[PDB]
Amino acid sequence: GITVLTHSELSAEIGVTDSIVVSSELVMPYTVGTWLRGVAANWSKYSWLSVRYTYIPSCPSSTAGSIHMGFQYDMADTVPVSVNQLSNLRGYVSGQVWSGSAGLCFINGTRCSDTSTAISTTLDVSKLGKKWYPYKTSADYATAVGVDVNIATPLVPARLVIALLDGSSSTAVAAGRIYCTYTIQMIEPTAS
Amino acid sequence: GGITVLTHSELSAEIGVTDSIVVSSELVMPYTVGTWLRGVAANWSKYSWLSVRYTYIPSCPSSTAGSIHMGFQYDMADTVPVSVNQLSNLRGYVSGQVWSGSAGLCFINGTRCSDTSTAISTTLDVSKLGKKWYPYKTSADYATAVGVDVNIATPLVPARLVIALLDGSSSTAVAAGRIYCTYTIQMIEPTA
Amino acid sequence: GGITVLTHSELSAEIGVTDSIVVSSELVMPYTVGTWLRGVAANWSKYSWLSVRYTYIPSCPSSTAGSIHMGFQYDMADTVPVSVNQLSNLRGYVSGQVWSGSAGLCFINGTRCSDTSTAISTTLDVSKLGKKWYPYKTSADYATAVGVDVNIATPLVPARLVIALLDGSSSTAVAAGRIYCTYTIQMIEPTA
Amino acid sequence: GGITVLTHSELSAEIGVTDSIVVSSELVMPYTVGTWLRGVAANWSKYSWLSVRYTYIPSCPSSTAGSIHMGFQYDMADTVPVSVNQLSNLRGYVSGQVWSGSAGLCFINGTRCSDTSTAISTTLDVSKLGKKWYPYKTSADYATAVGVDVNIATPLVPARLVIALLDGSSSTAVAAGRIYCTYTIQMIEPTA
Amino acid sequence: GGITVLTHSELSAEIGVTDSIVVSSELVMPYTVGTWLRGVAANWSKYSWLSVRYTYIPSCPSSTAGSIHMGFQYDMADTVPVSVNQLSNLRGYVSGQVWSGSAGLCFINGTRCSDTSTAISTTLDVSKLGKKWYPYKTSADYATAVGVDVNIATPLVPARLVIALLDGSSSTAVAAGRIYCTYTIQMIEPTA
Amino acid sequence: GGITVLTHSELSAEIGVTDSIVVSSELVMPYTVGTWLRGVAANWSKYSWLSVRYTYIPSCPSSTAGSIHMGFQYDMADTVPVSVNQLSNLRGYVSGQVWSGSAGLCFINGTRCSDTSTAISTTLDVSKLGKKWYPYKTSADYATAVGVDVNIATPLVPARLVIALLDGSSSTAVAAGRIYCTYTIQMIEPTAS
């Protein structure tokens, strides 16, 4: 009954200022990329076999700024406010806003070799609360958080946390992009 | 160990057919599969489905107009389907004339099954349930849970059985058949 | 040594359907399974069932409304069922259209059984009886015993077959089918 | 690799019979096989059929007059059959009563198949198709293409299902049954 | 198979000691061993004891005067013993100070048993019971049966537990301890 | 891996006995098991019980009247037991004189256990839990969940330990013993402040 899918797609566009800005993304089909959102909507349940977020730069080597990424696995956790907090998360990675080219081989599934510089991070699928998660939307998450933030824990596997700081401007400078490379097991079709 | 393993078949539903579609459902949990199991499994806090099978057996003339449809939904938030087409997409979907289904009898009395291609019988994906050990809950417990949020109910009930009947010759329900449930349940952790 | 073993099939019951439920029963003992065995087995004092199977054979048109239900009770004090729901819980419960059951014929003449999924046929738990050697007793002996105490009768009769017929179209019984008994009996200790 | 392999069954056609021959057809391509798959495969550019099976399931009384016939055309330029005689020569031609075919159900839920000699079910010669990777096209794409040249359409649709209904007792269509499609499709090269 | 096998421990009797001998008893049958098993086993018609152990666990100071005595009778017609002398001859006879007996605890939670020599714990000779499959009976059923003839009861209950308390220092009952029942029961032949 | 494994014993409850049944309970989750683990496990977002044991060790004279009873509830919605009869049915039910239990000590310092039949000690069914990885939750977060719906708590807490004391000689609490908890916990995925 399992339809297995592997794909890479644009997941976020990224900019840096001279002050820390913390953003986040739900690690679930609805919010991982527009393409997967449409596809997985045809199923009621899924399971992450693999989730990877990779930052690819698009700026000069001369751009001031850095990007930081990590995972939270409990929705009730407050989003970090400092790089110091963030550095403790599983899969914390960090790099100059112009590093990360070396992550490119993950996205198109090529022979990965000199990936020491890759600003890439992967989900501990092995340690999620459960295996089969329901496909839920942002709307479903939001309302759920209103009743209890913990009702959300059985709906979403993790949250991706992102920080950008060390930039030279108060204004967003075009920095890079975050892509997601995932292998998803999609099961139990639905006509809604 | 503490696991009391039970295998049993009992009456689960009475079925009648009309000239327009009538869609019913049953939560796939001890309280609602059959009156006997309801009383037995109440003496424990938790259960685990090792096997659950719903079988339609006819009681009508071969000249009876009508068909029966059954399938499973595994997300309590799913709307119960409104057309056979929707229904046709569900896991374990089966369909037949309301006067068909006799060969499903061998499942019910646990005998050697051979010619079961005509059986209007379907089985629960125990392998794909959210967790293994579910709480014994009542219909009251479920209604209350969804009264707050439908997604609260998902860790409470493993699945729901969907039934649609249509294609009948009368606007008044004609007696068609019965659905039996044949289950193998693990019961653990008693209560007084 | 001293055991005479007999295997035989004979008519055990004639069956008709009404539109309202009728529950009948038969003691599973030589005296009441069939007239031939009654006379034969009376020549010995005690007996033991090695195998007992009751099989329904239809004799009605495919357009006949009605269904038949059969199951065993193994305690003479057990109250006879009043609903299908109840009956469905007994060991060896079987159920089908009043015009189904043809596939059971092969059990009666002891030939190679293949497609028996459709068979409205059921068998006694020889391994689960009170004792092995039962006294040959009459309905008269039984009637008397339960008159004194119903529990006195239990070591006298190995089981009772319960039958319900309903879902018919008439207020007057329509000829539906017949129940045959296929048994293997051990007869010991002759008597004059 | 890039291949998402998907296996599914869904409603493809509802079927009614009259007393004069009525011939219809269906393109064997994701867009026209079923509404669910139509939406799903739309997220990919090209596909390959590994298996497509069309199964008719009855929903009528056994006393229903009428018969259904199915076959495949593999050249889009072939003119639609007009008689049972023509239709009978097609690859995978099948034929039966409009109330027969229950035995095909095991194909639809993918269960253990035993007695399927009576199944009104037929399958595509995937091995003999014009090419392997076909483009996702709509009814619109097919329609316009044949407007320029019908031969342009052959690389666009892998095959056509031909359906005939006749032998009925009424001049008004009687509800007879349904055709389900069970397919295994290889989908490649995502598009936004 | 049809056998639902159950193992459980539960409270069966609360025990008090006086300065004169007080002889009580308990029927070793599902209804009277404990309130939990009573409810549970009621759902089946017959049972079999695989193992029954009665274990006294103390709750009084080490300075509490008194002794406890337990043994089994296997014939309902036996008069209940009147002196410790008689009681000492019964199968499974055990005896100890009313504040002794803690080491029996490992039997109750089914853990690794080591130093159990001081355990005031005793077990039923299941191999020597009259029969294997016993009917679930009430205290009421027993009462009426001996009302007719005491020996009618013998095939109804497998054995009797006999208890004597004496050597206490008070004329009024002192809280001494509790008797727990630890059983493995085979339950067969469901009933509604 | 990311798994920090810890094996430890600490005081979990002080126990006193009266002449009337007094039923108390404890959440089997790091925060409420002991003062030490609470602070330690808080540095992780999630945990897993590999083993949990509650052992009652006595501190009273051999002449102290009273008995203690312990068992597990694994469903948060279950009403707490009110009688020894009910409690006796629970998984891992143990029972004894309030002055018995000396033999459980070996479980606590992890030494060679021998004659432990008299031990008033009981263990969690880790295999039978709803899930494996539970979030670290506080009492407050727990209380809040049941205010909305008690069933929300079940994915938050793996189990509850139920405790009964009765059969005493005083109407006011007499010092009887202490309950220690011996656990092996898997702690994963740190969190800061």
# chains A, B, ... in the order shown; residues from 1 in each chain; ligands from 1

call {"tool": "residues_around", "arguments": {"residues": "residue A:88", "least_positions_apart": "4", "cutoff": "12 Å", "atoms": "only C-alpha atoms", "output": "VMD selection string"}}
result
(chain A and resid 68 to 72 80 82 to 84 92 to 94 161) or (chain F and resid 2 43 to 45 188 to 193)

call {"tool": "interface_residues", "arguments": {"of": "chain B", "to": "chain C", "cutoff": "12 Å", "atoms": "only C-alpha atoms", "output": "JSON, numbers by chain"}}
result
{"B": [7, 8, 9, 10, 11, 12, 13, 14, 15, 16, 33, 34, 35, 36, 37, 55, 56, 57, 58, 59, 60, 61, 62, 63, 64, 65, 98, 99, 100, 101, 102, 103, 104, 105, 106, 107, 108, 109, 110, 111, 112, 113, 114, 115, 116, 117, 118, 119, 174, 175, 176, 177, 178, 179, 180, 181, 182]}

call {"tool": "atom_distance", "arguments": {"atom1": "atom CA of residue E:130", "atom2": "atom CA of residue C:190"}}
result
25.9 Å

call {"tool": "residues_around", "arguments": {"residues": "residue D:187", "least_positions_apart": "5", "cutoff": "8 Å", "atoms": "only C-alpha atoms", "output": "count of residues only"}}
result
10

call {"tool": "residues_around", "arguments": {"residues": "residue F:80", "least_positions_apart": "6", "cutoff": "10 Å", "atoms": "only C-alpha atoms", "output": "PyMOL selection string"}}
result
chain F and resi 23-25+73+86-87+160-163

call {"tool": "write_last_selection", "arguments": {"atoms": "C-alpha atoms", "output": "short mmCIF file (atom, residue, chain, number, x, y, z; two decimals), in the first residue's frame"}}
result
data_model
loop_
_atom_site.label_atom_id
_atom_site.label_comp_id
_atom_site.auth_asym_id
_atom_site.auth_seq_id
_atom_site.Cartn_x
_atom_site.Cartn_y
_atom_site.Cartn_z
CA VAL F 23 -4.30 6.35 48.05
CA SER F 24 -1.66 8.55 46.44
CA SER F 25 0.00 8.42 43.03
CA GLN F 73 -1.87 2.45 35.60
CA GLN F 86 -9.07 -2.78 42.86
CA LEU F 87 -5.39 -2.08 43.24
CA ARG F 160 1.31 6.45 36.73
CA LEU F 161 2.32 4.61 39.86
CA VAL F 162 -0.54 4.09 42.32
CA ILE F 163 0.13 3.83 46.06
#

call {"tool": "interface_residues", "arguments": {"of": "chain A", "to": "chain F", "cutoff": "12 Å", "atoms": "only C-alpha atoms", "output": "number ranges by chain"}}
result
A: 70-92, 123-131, 144, 146-155, 157-158

call {"tool": "interface_residues", "arguments": {"of": "chain B", "to": "chain A", "cutoff": "12 Å", "atoms": "only C-alpha atoms", "output": "PyMOL selection string"}}
result
chain B and resi 71-93+124-125+127-132+145-156+158-159

call {"tool": "write_last_selection", "arguments": {"atoms": "N, CA and C atoms", "output": "compact mmCIF listing (two decimals), in the first residue's frame"}}
result
# COMPACT_ATOMS: atom_id res chain seq x y z
N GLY B 71 -14.83 0.02 3.16
CA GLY B 71 -13.45 0.46 3.16
C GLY B 71 -13.03 1.07 4.49
N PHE B 72 -11.73 1.26 4.66
CA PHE B 72 -11.23 1.81 5.90
C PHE B 72 -10.64 3.21 5.74
N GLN B 73 -10.92 4.05 6.72
CA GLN B 73 -10.23 5.32 6.88
C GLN B 73 -9.35 5.22 8.10
N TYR B 74 -8.16 5.77 8.01
CA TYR B 74 -7.20 5.61 9.09
C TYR B 74 -6.91 6.93 9.78
N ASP B 75 -7.61 7.98 9.36
CA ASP B 75 -7.47 9.29 9.98
C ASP B 75 -8.86 9.76 10.39
N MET B 76 -9.07 9.96 11.69
CA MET B 76 -10.40 10.30 12.18
C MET B 76 -10.89 11.63 11.59
N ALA B 77 -9.96 12.46 11.12
CA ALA B 77 -10.29 13.77 10.58
C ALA B 77 -10.86 13.70 9.17
N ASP B 78 -10.61 12.59 8.47
CA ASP B 78 -11.18 12.37 7.13
C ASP B 78 -12.69 12.47 7.18
N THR B 79 -13.27 13.15 6.20
CA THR B 79 -14.72 13.18 6.13
C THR B 79 -15.17 11.82 5.63
N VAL B 80 -16.25 11.30 6.19
CA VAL B 80 -16.77 10.05 5.69
C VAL B 80 -17.22 10.35 4.26
N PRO B 81 -16.80 9.52 3.30
CA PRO B 81 -17.05 9.66 1.87
C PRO B 81 -18.53 9.75 1.52
N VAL B 82 -18.83 10.34 0.36
CA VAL B 82 -20.21 10.62 -0.06
C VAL B 82 -20.64 9.93 -1.37
N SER B 83 -19.69 9.39 -2.12
CA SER B 83 -19.99 8.69 -3.37
C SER B 83 -19.22 7.38 -3.40
N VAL B 84 -19.68 6.39 -4.18
CA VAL B 84 -18.90 5.16 -4.35
C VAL B 84 -17.49 5.48 -4.86
N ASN B 85 -17.37 6.45 -5.77
CA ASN B 85 -16.07 6.83 -6.33
C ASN B 85 -15.01 7.17 -5.25
N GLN B 86 -15.39 8.02 -4.30
CA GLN B 86 -14.52 8.32 -3.19
C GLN B 86 -14.23 7.01 -2.50
N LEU B 87 -15.29 6.28 -2.16
CA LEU B 87 -15.14 5.05 -1.42
C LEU B 87 -14.19 4.10 -2.10
N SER B 88 -14.24 4.07 -3.43
CA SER B 88 -13.44 3.13 -4.21
C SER B 88 -11.93 3.31 -4.04
N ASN B 89 -11.52 4.46 -3.53
CA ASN B 89 -10.09 4.75 -3.33
C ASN B 89 -9.52 4.29 -1.99
N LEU B 90 -10.38 3.94 -1.03
CA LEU B 90 -9.90 3.54 0.29
C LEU B 90 -9.21 2.16 0.35
N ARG B 91 -8.19 2.06 1.22
CA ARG B 91 -7.56 0.79 1.58
C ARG B 91 -8.58 -0.26 2.02
N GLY B 92 -8.53 -1.41 1.36
CA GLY B 92 -9.36 -2.55 1.71
C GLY B 92 -10.73 -2.43 1.12
N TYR B 93 -10.87 -1.55 0.15
CA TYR B 93 -12.16 -1.40 -0.48
C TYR B 93 -12.60 -2.72 -1.13
N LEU B 124 -8.21 -5.09 8.32
CA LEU B 124 -7.54 -3.90 8.83
C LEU B 124 -6.02 -3.96 8.72
N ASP B 125 -5.39 -2.88 8.30
CA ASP B 125 -3.92 -2.84 8.24
C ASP B 125 -3.27 -2.61 9.61
N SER B 127 -0.47 -3.35 10.64
CA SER B 127 0.91 -2.91 10.43
C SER B 127 1.08 -1.40 10.28
N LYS B 128 -0.01 -0.71 9.95
CA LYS B 128 0.09 0.67 9.52
C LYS B 128 -0.64 1.58 10.48
N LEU B 129 -1.03 1.02 11.62
CA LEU B 129 -1.70 1.81 12.64
C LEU B 129 -0.70 2.77 13.29
N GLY B 130 -1.20 3.85 13.86
CA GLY B 130 -0.35 4.86 14.48
C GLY B 130 0.60 4.34 15.54
N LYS B 131 0.05 3.59 16.49
CA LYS B 131 0.81 2.92 17.53
C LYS B 131 0.32 1.48 17.64
N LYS B 132 0.86 0.72 18.59
CA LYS B 132 0.44 -0.67 18.77
C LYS B 132 -0.64 -0.75 19.83
N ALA B 145 -13.92 13.60 22.86
CA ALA B 145 -12.60 13.92 22.35
C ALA B 145 -12.68 14.77 21.09
N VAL B 146 -13.56 14.40 20.14
CA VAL B 146 -13.74 15.16 18.89
C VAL B 146 -14.53 16.46 19.13
N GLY B 147 -15.27 16.50 20.24
CA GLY B 147 -15.97 17.71 20.62
C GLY B 147 -14.96 18.82 20.88
N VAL B 148 -13.79 18.46 21.40
CA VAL B 148 -12.69 19.41 21.60
C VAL B 148 -11.84 19.60 20.33
N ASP B 149 -11.42 18.50 19.72
CA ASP B 149 -10.63 18.49 18.49
C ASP B 149 -10.60 17.08 17.88
N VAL B 150 -10.97 16.96 16.60
CA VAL B 150 -11.04 15.65 15.93
C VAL B 150 -9.70 14.90 15.96
N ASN B 151 -8.62 15.65 16.02
CA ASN B 151 -7.27 15.10 16.02
C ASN B 151 -6.87 14.51 17.38
N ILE B 152 -7.62 14.85 18.42
CA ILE B 152 -7.46 14.18 19.71
C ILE B 152 -7.87 12.71 19.62
N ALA B 153 -8.86 12.43 18.77
CA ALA B 153 -9.44 11.09 18.66
C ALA B 153 -8.52 10.12 17.95
N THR B 154 -7.63 10.63 17.09
CA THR B 154 -6.73 9.76 16.32
C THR B 154 -5.82 8.85 17.17
N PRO B 155 -5.24 9.36 18.28
CA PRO B 155 -4.52 8.38 19.10
C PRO B 155 -5.45 7.49 19.94
N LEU B 156 -6.76 7.64 19.78
CA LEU B 156 -7.74 6.89 20.58
C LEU B 156 -8.37 5.72 19.85
N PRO B 158 -8.02 3.23 16.34
CA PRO B 158 -7.10 2.83 15.26
C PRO B 158 -7.59 3.11 13.83
N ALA B 159 -8.89 3.02 13.57
CA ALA B 159 -9.42 3.28 12.23
C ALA B 159 -10.95 3.32 12.26

call {"tool": "select_by_dssp", "arguments": {"residues": "chain F", "states": "alpha helix (DSSP H)", "output": "list in words"}}
result
residues 30, 31, 32, 33, 35, 36, 37, 38, 39, 40, 41, 84, 85, 86, 87, 105, 106, 107, 108, 139, 140, 141, 142, 143, 144, 145, 146, 147 and 148 of chain F

call {"tool": "write_last_selection", "arguments": {"atoms": "C-alpha atoms", "output": "PDB file, in the first residue's frame"}}
result
ATOM      1  CA  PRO F  30      11.417  12.239  34.805  1.00  0.00           C
ATOM      2  CA  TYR F  31      10.079  15.429  36.451  1.00  0.00           C
ATOM      3  CA  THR F  32       8.081  13.662  39.207  1.00  0.00           C
ATOM      4  CA  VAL F  33      10.302  10.656  39.797  1.00  0.00           C
ATOM      5  CA  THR F  35      14.466  15.906  42.455  1.00  0.00           C
ATOM      6  CA  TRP F  36      17.772  14.948  40.832  1.00  0.00           C
ATOM      7  CA  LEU F  37      16.623  13.404  37.576  1.00  0.00           C
ATOM      8  CA  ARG F  38      14.136  16.249  37.135  1.00  0.00           C
ATOM      9  CA  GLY F  39      16.962  18.770  36.788  1.00  0.00           C
ATOM     10  CA  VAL F  40      19.186  16.419  34.793  1.00  0.00           C
ATOM     11  CA  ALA F  41      16.610  15.192  32.208  1.00  0.00           C
ATOM     12  CA  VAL F  84      -6.869  -2.700  47.941  1.00  0.00           C
ATOM     13  CA  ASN F  85      -9.225  -4.972  45.966  1.00  0.00           C
ATOM     14  CA  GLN F  86      -9.073  -2.776  42.861  1.00  0.00           C
ATOM     15  CA  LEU F  87      -5.386  -2.078  43.244  1.00  0.00           C
ATOM     16  CA  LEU F 105      17.831  -2.983  48.877  1.00  0.00           C
ATOM     17  CA  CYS F 106      20.026  -4.912  46.452  1.00  0.00           C
ATOM     18  CA  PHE F 107      18.009  -3.544  43.491  1.00  0.00           C
ATOM     19  CA  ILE F 108      18.894  -0.042  44.503  1.00  0.00           C
ATOM     20  CA  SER F 139       3.431  18.719  36.332  1.00  0.00           C
ATOM     21  CA  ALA F 140       2.083  22.089  35.186  1.00  0.00           C
ATOM     22  CA  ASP F 141       2.125  21.170  31.520  1.00  0.00           C
ATOM     23  CA  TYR F 142       0.407  17.901  32.525  1.00  0.00           C
ATOM     24  CA  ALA F 143      -2.264  19.553  34.694  1.00  0.00           C
ATOM     25  CA  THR F 144      -2.995  21.924  31.827  1.00  0.00           C
ATOM     26  CA  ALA F 145      -3.522  19.080  29.334  1.00  0.00           C
ATOM     27  CA  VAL F 146      -6.186  17.338  31.475  1.00  0.00           C
ATOM     28  CA  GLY F 147      -7.981  20.654  31.979  1.00  0.00           C
ATOM     29  CA  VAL F 148      -8.594  20.578  28.281  1.00  0.00           C
TER      30      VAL F 148
END

call {"tool": "interface_residues", "arguments": {"of": "chain B", "to": "chain F", "cutoff": "6 Å", "atoms": "only C-alpha atoms", "output": "ChimeraX atom specification"}}
result
/B:133,189,192

call {"tool": "atom_distance", "arguments": {"atom1": "atom CA of residue C:52", "atom2": "atom CA of residue C:160"}}
result
11.7 Å

call {"tool": "decode", "arguments": {"residues": "stretch 55-67 of chain C", "atoms": "N, CA, C and O atoms", "output": "PDB file, in the first residue's frame"}}
result
ATOM      1  N   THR C  55     -25.013 -30.383   8.612  1.00  0.00           N
ATOM      2  CA  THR C  55     -24.875 -29.684   7.344  1.00  0.00           C
ATOM      3  C   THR C  55     -26.251 -29.357   6.760  1.00  0.00           C
ATOM      4  O   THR C  55     -27.111 -30.242   6.615  1.00  0.00           O
ATOM      5  N   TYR C  56     -26.455 -28.078   6.448  1.00  0.00           N
ATOM      6  CA  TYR C  56     -27.702 -27.614   5.827  1.00  0.00           C
ATOM      7  C   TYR C  56     -27.651 -27.697   4.290  1.00  0.00           C
ATOM      8  O   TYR C  56     -26.738 -27.166   3.656  1.00  0.00           O
ATOM      9  N   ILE C  57     -28.631 -28.360   3.694  1.00  0.00           N
ATOM     10  CA  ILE C  57     -28.720 -28.425   2.243  1.00  0.00           C
ATOM     11  C   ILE C  57     -30.003 -27.744   1.813  1.00  0.00           C
ATOM     12  O   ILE C  57     -31.078 -28.133   2.259  1.00  0.00           O
ATOM     13  N   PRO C  58     -29.906 -26.754   0.916  1.00  0.00           N
ATOM     14  CA  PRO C  58     -31.093 -26.001   0.499  1.00  0.00           C
ATOM     15  C   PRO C  58     -31.951 -26.792  -0.467  1.00  0.00           C
ATOM     16  O   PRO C  58     -31.419 -27.647  -1.180  1.00  0.00           O
ATOM     17  N   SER C  59     -33.244 -26.481  -0.528  1.00  0.00           N
ATOM     18  CA  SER C  59     -34.155 -27.162  -1.447  1.00  0.00           C
ATOM     19  C   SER C  59     -35.128 -26.168  -2.041  1.00  0.00           C
ATOM     20  O   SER C  59     -36.172 -26.546  -2.572  1.00  0.00           O
ATOM     21  N   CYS C  60     -34.762 -24.893  -1.965  1.00  0.00           N
ATOM     22  CA  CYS C  60     -35.629 -23.790  -2.372  1.00  0.00           C
ATOM     23  C   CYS C  60     -35.076 -23.045  -3.586  1.00  0.00           C
ATOM     24  O   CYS C  60     -33.906 -23.179  -3.902  1.00  0.00           O
ATOM     25  N   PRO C  61     -35.917 -22.247  -4.264  1.00  0.00           N
ATOM     26  CA  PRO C  61     -35.447 -21.376  -5.352  1.00  0.00           C
ATOM     27  C   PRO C  61     -34.416 -20.327  -4.903  1.00  0.00           C
ATOM     28  O   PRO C  61     -34.371 -19.957  -3.721  1.00  0.00           O
ATOM     29  N   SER C  62     -33.624 -19.823  -5.850  1.00  0.00           N
ATOM     30  CA  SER C  62     -32.600 -18.832  -5.528  1.00  0.00           C
ATOM     31  C   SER C  62     -33.222 -17.516  -5.095  1.00  0.00           C
ATOM     32  O   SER C  62     -32.530 -16.631  -4.556  1.00  0.00           O
ATOM     33  N   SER C  63     -34.534 -17.409  -5.298  1.00  0.00           N
ATOM     34  CA  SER C  63     -35.273 -16.180  -5.007  1.00  0.00           C
ATOM     35  C   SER C  63     -35.953 -16.196  -3.623  1.00  0.00           C
ATOM     36  O   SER C  63     -36.709 -15.280  -3.285  1.00  0.00           O
ATOM     37  N   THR C  64     -35.670 -17.235  -2.836  1.00  0.00           N
ATOM     38  CA  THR C  64     -36.270 -17.413  -1.517  1.00  0.00           C
ATOM     39  C   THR C  64     -35.646 -16.512  -0.460  1.00  0.00           C
ATOM     40  O   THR C  64     -34.437 -16.551  -0.219  1.00  0.00           O
ATOM     41  N   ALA C  65     -36.483 -15.710   0.185  1.00  0.00           N
ATOM     42  CA  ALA C  65     -36.032 -14.847   1.265  1.00  0.00           C
ATOM     43  C   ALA C  65     -35.823 -15.669   2.523  1.00  0.00           C
ATOM     44  O   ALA C  65     -36.551 -16.619   2.796  1.00  0.00           O
ATOM     45  N   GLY C  66     -34.811 -15.310   3.291  1.00  0.00           N
ATOM     46  CA  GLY C  66     -34.542 -16.044   4.508  1.00  0.00           C
ATOM     47  C   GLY C  66     -33.072 -16.350   4.698  1.00  0.00           C
ATOM     48  O   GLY C  66     -32.302 -16.382   3.730  1.00  0.00           O
ATOM     49  N   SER C  67     -32.693 -16.553   5.957  1.00  0.00           N
ATOM     50  CA  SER C  67     -31.357 -16.999   6.309  1.00  0.00           C
ATOM     51  C   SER C  67     -31.413 -17.999   7.461  1.00  0.00           C
ATOM     52  O   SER C  67     -32.322 -17.958   8.285  1.00  0.00           O
TER      53      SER C  67
END
